[PDB]
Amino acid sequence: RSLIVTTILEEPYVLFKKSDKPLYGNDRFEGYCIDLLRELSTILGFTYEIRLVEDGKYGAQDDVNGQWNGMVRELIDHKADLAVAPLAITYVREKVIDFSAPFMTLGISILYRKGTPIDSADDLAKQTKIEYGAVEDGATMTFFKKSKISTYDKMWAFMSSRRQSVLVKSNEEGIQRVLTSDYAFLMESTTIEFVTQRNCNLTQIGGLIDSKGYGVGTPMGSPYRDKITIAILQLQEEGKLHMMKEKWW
């Protein structure tokens, strides 16, 4: 049977294809992760239906009742067979779903305007004039919430106390905030790279604060777990992942 693939809108990984005429079904979507899905489909021989995650979330655990949401929850509940998205492979998620080998490596960094003295997270941490934040309840925010590093704990103290204002619903909103107020956005380096190639007044500040990968998510115990990993390694070795990144970035 066809697989149900959950994903999320996020440039340039997954986007609505533009056209004068209305598109339907899988035709509606394009991007790095859609090319990835197409390549995986060819290797493994499955057909699929792409469905945007119903609640529009990546997947985090509620801090009161411990329940999962987002693409992670859709996999736990067997509402999707695969998640193919810029979904960070994390310790807490791997406890509830399985990730393939990573198809992209990245890390947290800072998006901000050019031509300022700010050169690092420490530079942000030690002031309050320039506000900073991250996507609410994503892997980036979780990094700061969990960190025992003085600088990062101080940044978490700042962000959490200003959660209503500095934590945003999406990368888009974070970028929109950088462009409209004195605001620096903590976000994933791969996505920063796409943003900065299209906004020449924006730049990455400093280097990578951590390291992680994006991987394809499957429900724990899926008969596809190892098949997907093997296919990802095939695409990696074929140089296809590199071509895909060059195409979309």
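Don't overthink the numbering: it's just position in the shown sequence, from 1.
Going by the mean C-alpha B-factor recorded in the entry, which is higher: 32-40 or 66-74?
66-74 has the higher mean C-alpha B-factor.
Look over 146-154 and 92-100 in the entry and identify the one with the greater average Cα temperature factor.
Per the PDB record, 146-154.
Can you tell me which of 140, 105, 160, 109 has the highest Cα temperature factor in the record?
Within the set 140, 105, 160, 109, 160 shows the top C-alpha B-factor.
Could you check 180, 47, 191, 26 and tell me which one carries the biggest Cα B-factor in the deposited entry?
180 has the highest C-alpha B-factor of those listed.
Relative C-alpha B-factor of residue 60, binned into the chain's lowest, middle or highest third
Lowest third of the chain for residue 60's C-alpha B-factor.
Comparing residue 21 with the other modelled residues of its chain, is its CA B-factor in the lowest, middle or highest third?
Top third by C-alpha B-factor.
Chain thirds of CA B-factor: placement of residue 214
CA B-factor rank for residue 214: lowest third.
Within-chain third of residue 124 by Cα B-factor, per the entry
As the PDB entry reports it, the C-alpha B-factor of residue 124 lands in the highest third of its chain.
Ranked C-alpha temperature factor of residue 135 among modelled chain residues, by third:
Answer is middle: the recorded C-alpha B-factor places it there.
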